[PDB]
Amino acid sequence: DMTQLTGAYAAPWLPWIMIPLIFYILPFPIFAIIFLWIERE
Amino acid sequence: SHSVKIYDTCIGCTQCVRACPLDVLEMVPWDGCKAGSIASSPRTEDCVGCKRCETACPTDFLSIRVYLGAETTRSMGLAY
Amino acid sequence: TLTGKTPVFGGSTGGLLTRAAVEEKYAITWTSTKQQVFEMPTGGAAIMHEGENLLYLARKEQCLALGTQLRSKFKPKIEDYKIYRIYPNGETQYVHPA
Amino acid sequence: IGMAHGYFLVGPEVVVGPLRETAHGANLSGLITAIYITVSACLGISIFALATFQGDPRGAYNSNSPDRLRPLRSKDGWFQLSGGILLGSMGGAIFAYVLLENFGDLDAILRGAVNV
Amino acid sequence: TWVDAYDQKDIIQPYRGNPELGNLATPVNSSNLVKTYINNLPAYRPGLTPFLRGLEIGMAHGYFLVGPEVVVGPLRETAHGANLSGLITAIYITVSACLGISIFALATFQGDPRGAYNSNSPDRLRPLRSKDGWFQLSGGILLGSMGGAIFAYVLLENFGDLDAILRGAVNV
Amino acid sequence: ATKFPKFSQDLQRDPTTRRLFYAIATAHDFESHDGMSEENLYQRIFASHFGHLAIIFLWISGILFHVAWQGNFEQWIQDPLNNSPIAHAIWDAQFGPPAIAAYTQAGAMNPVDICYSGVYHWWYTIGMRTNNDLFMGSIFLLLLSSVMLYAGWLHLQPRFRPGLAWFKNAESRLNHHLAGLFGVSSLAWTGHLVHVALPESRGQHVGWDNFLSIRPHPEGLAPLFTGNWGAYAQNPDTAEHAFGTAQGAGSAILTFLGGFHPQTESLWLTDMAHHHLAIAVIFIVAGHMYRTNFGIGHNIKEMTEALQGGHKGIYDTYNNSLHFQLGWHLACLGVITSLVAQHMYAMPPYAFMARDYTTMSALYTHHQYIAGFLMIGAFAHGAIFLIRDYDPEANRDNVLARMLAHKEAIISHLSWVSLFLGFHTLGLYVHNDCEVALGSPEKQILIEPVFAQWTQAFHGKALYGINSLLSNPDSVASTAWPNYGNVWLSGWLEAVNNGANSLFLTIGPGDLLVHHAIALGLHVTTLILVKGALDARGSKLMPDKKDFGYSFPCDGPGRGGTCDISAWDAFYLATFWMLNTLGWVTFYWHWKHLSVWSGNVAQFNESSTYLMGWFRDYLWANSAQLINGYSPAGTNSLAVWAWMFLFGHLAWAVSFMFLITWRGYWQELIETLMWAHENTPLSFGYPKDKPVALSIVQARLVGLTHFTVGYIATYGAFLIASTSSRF
Amino acid sequence: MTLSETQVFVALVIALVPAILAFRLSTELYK
Ligand code: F6C
Ligand code: CLA
Ligand SMILES: CC1=C(/C=C/C(C)=C/C=C/C(C)=C/C=C/C=C(C)/C=C/C=C(C)/C=C/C2=C(C)CCCC2(C)C)C(C)(C)CCC1
Ligand SMILES: CC1=C(/C=C/C(C)=C/C=C/C(C)=C/C=C/C=C(C)/C=C/C=C(C)/C=C/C2=C(C)CCCC2(C)C)C(C)(C)CCC1
Ligand SMILES: [Ca+2]
Ligand SMILES: [Ca+2]
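Residues numbered from 1 in each chain as written, not as in the entry; some residues may be left out. Chains lettered and ligands numbered in written order. Part of a larger assembly, values for the part shown. Heavy atoms only, no water.

*Asks:* It is not clear to me how the interface of chain G and chain A should be interpreted in this structure. Could you clarify?
*Replies:* Interface size is commonly expressed as the accessible surface area that is lost when the partners come together. Facing the seven residues of chain G at the interface are six residues of chain A. Applying the counting criterion to the chain G and chain A interface returns zero salt bridges. Viewed at the interface, chain A and chain G are joined by zero residue pairs in polar contact. Of the residues in the side of chain G that touches chain A, the class split is four nonpolar, one polar and two charged. (Contact = heavy atoms within 4.5 Å. Salt bridge = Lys/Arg side-chain N within 4 Å of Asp/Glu carboxyl O. Polar contact = N/O pair within 3.5 Å; in protein donor to acceptor, adjacent residues only side chain to side chain. Nonpolar A, V, L, I, M, F, W, Y, C, P; charged D, E, K, R; others polar.)

So this is what it looks like as structure tokens:
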């Protein structure tokens, strides 16, 4: 409760996975997809 | 590239041709002023857009106008 | 197709780069009546030869700034300079004077 | 190139990282750091090759480029280097991870304590 | 009554403009969204070496194949046993599949192959047309799926410290 | 060349990194795109407007979802004065245990943010009571936004693409938007207020399962038909009514009380229902004015064309120019967003919101900075109109031709008001500074604001004792002699003559000096924008400026030097003056209200007359708990605002790099880096786009963006942390 | 009380519908 991130709401495992996914797992694939879109000839 | 327009108020003083560091401008015969010559811009794909020619033009307002257009490697002045 | 001695020069970091071999290059050729020192547009001092010279430069503005120095900083003046544009397939186009 | 690089990239987070108070946690966070940097770098190698080699490339990978410092001049050389760096740096990272996870038995080996 | 049929526009077209071919151009096989996605999957991504095609296909596949035996398998009552049986399942499926890829290539590419790997085959869906492309894909899938399986195994074996990382419990 | 961007072929052939940045900044300038026909322009704007509508509905759907999932809305409505609204939960795995304990606040069992947007007070007044109410509201907007995404895709399909004559129908749109968008929606909102929001305010649950049974009135719908409409002005509400409960409640649904509900300190729901009903039928009447299809109705171009001795062609100037319409609508929206900010704090409409001091500070500063941004974009798009769409022959000798001929008189008169206000307000402030510093604080020049004190007396304040014309009991403006039907007044005068509310506050000599500094900031920001718009087609320094466009760097160092000569760079200069003006506005609102809410309203009155008093007692004194959000003594719940405070100071300083250093310094530095990369071993990468320095216009924009982000993140962190820690 | 786990999963499944409709609006507006 006071030593780590918890959640007293419904599905508290959702921020446990969504914040890693949104902020440091998916951005480099999205940056790579956008990079290939703006460099293609 | 840029666009260099010469208007018919040009007195043919050849000062824009002397001022151009890229040799964009030359003088052609005109019979439209006392000097008999007018400025032209044949090699406008070498124009970097420095506007040194407009600084040299004594006509009010300027007979030579540079319009900054699409940036190429030559117009951006890149040695790399 | 282009004749001339390269000026005496130790080289510099301001010279030709990858663009000179893959897009376009420039060469300025002039005759001199004596051995004398000029300033390179890439920084530093080089020695031109008596007779015909040839110097490869990266931009057209560097060759025309050298030709401005040749016309204005030397007595007698050096007016006979020719500037070429060299393409990577060896195709050489005479661009100054036009 | 991979085996040399993934091996040392485990190092910094083991000693100065946020898991450094416990030995097993520090080795895991150092391994994951080397894994994440390797995947990101090898993704960059692959999308470099997908962007550069489109027709005749511009710059140093052009067919007329005399760049001695950049000799990998085809896209199949770049994709094989990408897979080589990925497999080497993953292997070098898990090699450093296995040595650091077993540091108590590896220190006992190097002091002859296994001969008791 | 039928004379104005095939005059109005239709989203279903003959495949590659040829009505004699045994396929249709639908949104599922020929729209711009599914063509951008499928042709940039590592089986079809243009310019890739056959090994790097296999490495991306393997790493994606060995990673999820650890999963099912961990949660619903016979070792699932204990955490360490369930992760080991999930790793061995992904290892055994990978070796069996890569053995199948290799013996496919040893059987197909004998002279001019029959069917879709013939020199006259216009099969856009089967573009790996040489046996050295197949053997490099076999080694790529083996190394990628072994690495993806042991990556999922290492994350699941260290789930207690990885859960403490993702909740900030390592900052105490 | 590259394929990106597909709308500009000259940007496709750009070989540098300038291609990627200029493709962003011109992506929504549809008229400059390649081959944009003028009819295809309107169809892509129409579908982009459906995309912006769906983003708005998805935004409010996420606010409702995160309160219903992670907030404390059902716990907050028990006692909204002793509870704190929760915005959403915090998931940041870099938190330590002191940061987890500090943000586990407001009775939550996980780290949370405190909501300061006021959406708890807004949903509570309109009848939301449960988290199931907020969830189905979030699901309904989740489907309403998908309807907006469908209609944008649908009206791009070839059968459903509207033609140009449909877009230019300025009578069928102005009728339908007056009567349907403004009238029927205000009628349906009254239907929500009297069927739902008024019974939930009186303890009666009305949902979709039981609203066809429960009438809004005991005399249900029969006094409307029989013309006895005063049967809806029943017993309105007692002075001891508790919001949300049946005790002390009335049955009235449309009343004309004025003033405030005494417990919630906010407007009555019956005055707000009779507001939106009177607004509805007036807007439905106004939407029956113009002729579309049936012969009856006025024609808008006839009132403009037959208006001379000066409005000839003003219809066709408006109707054919999208930049004239955009600049006109940004000016009207910018005035209203100021009016929203000035009236929501003076007459609070939401229950218990006037005692949430951090929300009132956040909401005023939000809508004032929005209004300042819409104001400078009205002049910016009015300047793009004069370059691109303005025709000097279609508007010969009309009013738009007059100011372009009057432009040296308008700018010079704006410059005198700017110089008079700046010389005399700063002169009075520095004089009062030197008197207080030299030990003589009664030698200050303290001009009493007699014009707005008499204006306060003419609205109902008897505080000054001047007793005349609605500060008067037997006035003709008070008694309303032919009517005696000003029902608003006896409820209104308790809003004016009480000392705890925030309409018509007491002003003194420190209030006059800041109103003249605000008038200085309004007149200079107008002077930069008007001169930028009226000289946009040309000056005597640059007579052919209209052929160079709205945005260009300069015309070179000749003719004396022409840095920042375009009309875009006058927008760029006025944005600094807009932020400084809105800085002076929100500094004054916050310091006056921090003195009123603390009871130390006297301490504002001696200190606001000299500039050290603003520096010492507002900036320095209220920074004390903000910068102690983390320290060597520990961290607390103000640590994210302390970190954002330094973040804002950092972005403001990065701004000065782009604004002081200019381009050719950085371009020559990048050549040495391009040298170093080509001659370094093992560096196999090579830039596909050639690295160049940012352009002259781009870094004015990048520097203004870092300035603005640094402006707002600094003050926004200071406004939240100083108000929420003192109260 | 606040939301249930079945209410959150309903909102996640429903939100795929404006996710798909924004994709087809974005690709229709253009590349
Ligand atoms: C790509 C490729 C490439 C390469 C190779 O390959 C390189 C390299 C170099 C060398 C040679 C040198 C040294 C290093 C260092 O130390 O520094 C740091 C950096 C880094 C760290 C960077 C690096 C990067 C890497 C390599 C890669 C990575 C990638 C990732 C990981 C991926 C990811 C992906 C996703 C999608 C995100 C350098 C440098 C410089 N840079 Mg330079 N790079 C490049 C890139 C880039 C870009 C983009 C930009 C823009 C930002 C720049 C910038 C810069 C500047 C300012 C400078 C300086 O100062 C320096 C110098 O000159 O000295 C003398 N630069 N470089
Ligand atoms: C009665 C029928 C009707 C209705 C309801 C609408 C409604 C609309 N049309 Mg219009 N339209 C119509 C007929 C109608 N149209 C016809 C017949 C034509 C052809 C002549 C058009 C041609 C047309 C075009 C070309 C465009 C529109 C657009 C719009 C939208 C305006 C943008 C917006 O959302 O602001 C909504 C505004 C309000 C709800 C009123 C705001 C009033 C002030 C500013 C605020 C007052 C409210 C209050 C004080 C604030 C409280 C809120 C707070 C508590 C949260 C709006 C949905 C635009 C659009 O976006 O398309 C997608 C657009 O580009 N229409
Ligand atoms: C001093 C010096 C120097 C430097 C050096 C250095 C910098 C070093 C480095 C070092 C390093 C950096 C090293 C590395 C190493 C690595 C390694 C050696 C690795 C290995 C690996 C392995 C062994 C792995 C394996 C595996 C795999 C692959 C997979 C599976 C698993 C395993 C783990 C088994 C010089 C020469 C310049 C000069 C002189 C002096
Ligand atoms: C939803 C969706 C979808 C789907 C998706 C999916 C299906 C996913 C998957 C996912 C997955 C399936 C993932 C995977 C991942 C993997 C990975 C990422 C791996 C990694 C690996 C590694 C890292 C390893 C390493 C190593 C090696 C190699 C060796 C040594 C050891 C180690 C371990 C170190 C789509 C798109 C269709 C559509 C839209 C929606
Ligand atoms: Ca079992
Ligand atoms: Ca730690």
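*Asks:* Just to check I follow, could you spell out the site of ligand 1 for this structure?
*Replies:* Inspection of the region around ligand 1 gives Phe-28 and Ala-32 of chain A, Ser-40, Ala-41 and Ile-47 of chain D together with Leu-673, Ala-676, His-677, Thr-680, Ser-683, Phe-684 and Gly-685 of chain F as its neighbouring residues. A distance of 3.4 Å separates an oxygen atom of ligand 1 from a polar atom in the backbone of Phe-684 of chain F. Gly-685 of chain F is positioned with one of its backbone polar atoms (N or O) 2.9 Å from an oxygen atom of ligand 1. Secondary-structure elements contributing two or more residues to the shell around ligand 1 are α2 (27-39) of chain A, α3 (23-52) of chain D together with α26 (663-678) of chain F. The residue inventory of the shell around ligand 1, partitioned by class, reads seven nonpolar, five polar and no charged. (Near = heavy atom within 4 Å. Helix = DSSP H or I, 4+ residues; strand = E, 2+ residues; numbered from the N terminus.)

*Asks:* Sorry if this is basic, but what is going on with the interface of chain G and chain F here?
*Replies:* In this complex, chain G contributes 19 residues to the contact, which on the side of chain F involves 28 residues. Among the residues of chain G in contact with chain F, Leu-3, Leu-25 and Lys-31 of chain G are the three that bury the most area, contributing 25% of the side total. At the boundary of chain G and chain F, one finds zero salt bridges. Where chain G meets chain F, there are five residue pairs in polar contact. The set of elements that each furnish at least two residues to the side of chain G that touches chain F consists of α1 (5-14) and α2 (16-29) of chain G. Tallying contributions element by element places α2 of chain G first for the side of chain G that touches chain F, with eight residues. Here the residues of the side of chain G that touches chain F are counted per class, giving 14 nonpolar, two polar and three charged. (Buried area = accessible area lost by both parts, 1.4 Å probe.)

*Asks:* I would appreciate a short explanation of the nonpolar core in the present structure.
*Replies:* Residues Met-360, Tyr-550, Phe-571, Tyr-588 and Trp-641 of chain F are the most contacted members of the largest nonpolar core, which totals 76 residues. Apart from the residues lying within four places of it in its own chain, the contact partners of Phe-571 of chain F are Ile-376, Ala-380, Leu-529, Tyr-550 and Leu-704 of chain F. By size, the runner-up hydrophobic cluster in this structure holds 51 residues, among which are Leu-166 of chain E together with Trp-76, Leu-193 and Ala-351 of chain F. (Core = buried A, V, L, I, M, F, W, Y, C linked by side-chain atoms within 4.5 Å. Buried < 20%, exposed > 50% of the residue type's maximum accessible area, 1.4 Å probe, protein only.)

*Asks:* Explain the UniProt feature "transmembrane region" (unreviewed entry) in chain E to me, please; I cannot follow it from the model alone.
*Replies:* All names here are of chain E. Those residues carrying the UniProt feature "transmembrane region" (unreviewed entry) are residues 84-109 and 134-156 in this numbering. When the span residues 84-109 is considered, its composition is 96% helix and 0% strand, and the gap between its end C-alpha atoms is 38 Å. Secondary structure content for residues 134-156 is 100% helix and 0% strand, and the end C-alpha separation is 32 Å. (UniProt positions renumbered as here; feature names shortened; annotations may be inferred.)

*Asks:* I keep staring at the site of ligand 3 and nothing clicks. Help me out?
*Replies:* Residues and elements named next belong to chain D. Close to ligand 3 lie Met-3, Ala-4, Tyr-7, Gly-91, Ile-94 and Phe-95, which account for all nearby residues. Coverage of ligand 3 by the protein chains reaches 30% of its 950 Å² of free accessible surface. Taken together, the residues that form the shell around ligand 3 break down as five nonpolar, one polar and no charged. (Areas by Shrake-Rupley, 256 points an atom, 1.4 Å probe, with all protein chains shown as cover.)

*Asks:* I'm lost on the packing of helix α4 (residues 75-101) of chain D against helix α3 (residues 50-65) of chain E in this one. Help?
*Replies:* Running from N to C, α4 of chain D and α3 of chain E point in directions that differ by 40 degrees, and their axes come no closer than 9 Å. The orientation of α4 of chain D with respect to α3 of chain E, classified from their angle, is oblique. Of the residues in α3 of chain E, those in contact with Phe-79, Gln-80, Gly-83, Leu-86 and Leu-87 of chain D of α4 of chain D are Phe-51, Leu-52, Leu-55 and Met-59 of chain E. (Axes fitted to C-alpha atoms, helices over the stretch in contact; angles between N-to-C directions. Parallel < 35°, antiparallel > 145°, perpendicular 65-115°, else oblique.)

*Asks:* Explain the UniProt feature "binding site: chlorophyll a 8" (unreviewed entry) in chain F here, please?
*Replies:* The positions that UniProt labels "binding site: chlorophyll a 8" (unreviewed entry) are, in the present scheme, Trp-91 and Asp-92 of chain F. By the secondary structure assignment, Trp-91 of chain F is in the loop between β1 (86-89) and α5 (97-103). When sequence neighbours within four positions are dropped, the list of residues in contact with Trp-91 of chain F reads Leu-5, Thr-6, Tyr-9, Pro-12, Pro-15, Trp-16 and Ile-19 of chain A together with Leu-166 and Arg-167 of chain E. Along the polypeptide, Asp-92 of chain F turns up in the loop between β1 and α5.

*Asks:* Sorry if this is basic, but what is going on with the packing of aromatic side chains here?
*Replies:* Each aromatic ring pair is specified by the distance between its two centres and by the angle formed by the two planes. In total, this model carries 75 aromatic pairs over all chains according to the counting rule given. Ring geometry for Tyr-42 of chain F against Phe-167 of chain F: centres 5.4 Å apart, planes inclined by 45 degrees, an arrangement best described as tilted. Taken together, the residues span a long stretch of sequence, with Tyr-42 of chain F in helix α3 (residues 38-70) and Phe-167 of chain F in helix α8 (residues 164-167) at a distance of 125 residues. Among the residues examined, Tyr-42 of chain F registers a relative accessible area of 7% and is labelled buried. Seen in terms of ring centroids, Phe-95 of chain F and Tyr-103 of chain F are 5.8 Å apart; in terms of plane orientation they differ by 45 degrees. Their pairing is tilted. A connected cluster of aromatic rings, assembled from ring pairs, spans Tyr-369, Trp-568, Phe-571, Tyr-572, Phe-576, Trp-652, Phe-656, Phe-707 and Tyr-711 of chain F. Positioned above the aromatic ring of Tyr-30 of chain G is the side chain of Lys-6 of chain F, whose terminal nitrogen or guanidinium carbon lies 4.8 Å from the ring centre. Taking the ring centre of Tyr-22 of chain F as reference, the NZ or CZ of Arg-18 of chain F above it sits at 4.2 Å. (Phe/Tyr/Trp six-rings, centres within 6.5 Å; stacked < 30°, edge-to-face > 60°. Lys NZ or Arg CZ within 6 Å of the ring centre and 35° of its normal.)

*Asks:* Please clarify how the coordination of the calcium ion (ligand 6) should be interpreted in this entry.
*Replies:* Each angle at a metal carrying four tetrahedral donors should ideally be 109.5 degrees, and each at a metal carrying six octahedral donors should ideally be 90 or 180 degrees. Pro-18 of chain D (O), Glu-21 of chain D (OE) and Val-170 of chain E (O) make up the full set of protein donors to the calcium ion (ligand 6), lying at 2.5 to 2.6 Å. Assessed through its relative accessible area of 39%, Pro-18 of chain D is described here as partly exposed. Residue class for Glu-21 of chain D comes out exposed when judged on its relative accessible area of 53%. (Donors = N, O, S within 2.8 Å, 3.2 Å for Na, K, Ca; no water.)

*Asks:* How do you make sense of the pattern of salt bridges when you look at a structure like this?
*Replies:* One side chain can pair with another of opposite charge once the charged atoms of both are near each other. The full count for this structure, using the stated rule, is 40 salt bridges over all chains. With a closest N to O distance of 3.2 Å, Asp-46 of chain B and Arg-74 of chain B form a salt bridge. With a gap of 28 residues between them, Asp-46 of chain B in the loop between β3 (37-40) and α2 (52-56) and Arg-74 of chain B in the segment after β4 (64-67) connect regions that are remote in the sequence. Between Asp-397 of chain F and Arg-402 of chain F there is a salt bridge, with its nearest N and O atoms 2.7 Å apart. Assessed through its relative accessible area of 53%, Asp-397 of chain F is described here as exposed. Among the charged side chains, a salt-bridge network with shared partners connects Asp-46 and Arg-74 of chain B, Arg-19, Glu-23, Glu-24, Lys-60 and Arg-85 of chain C together with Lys-690 of chain F.

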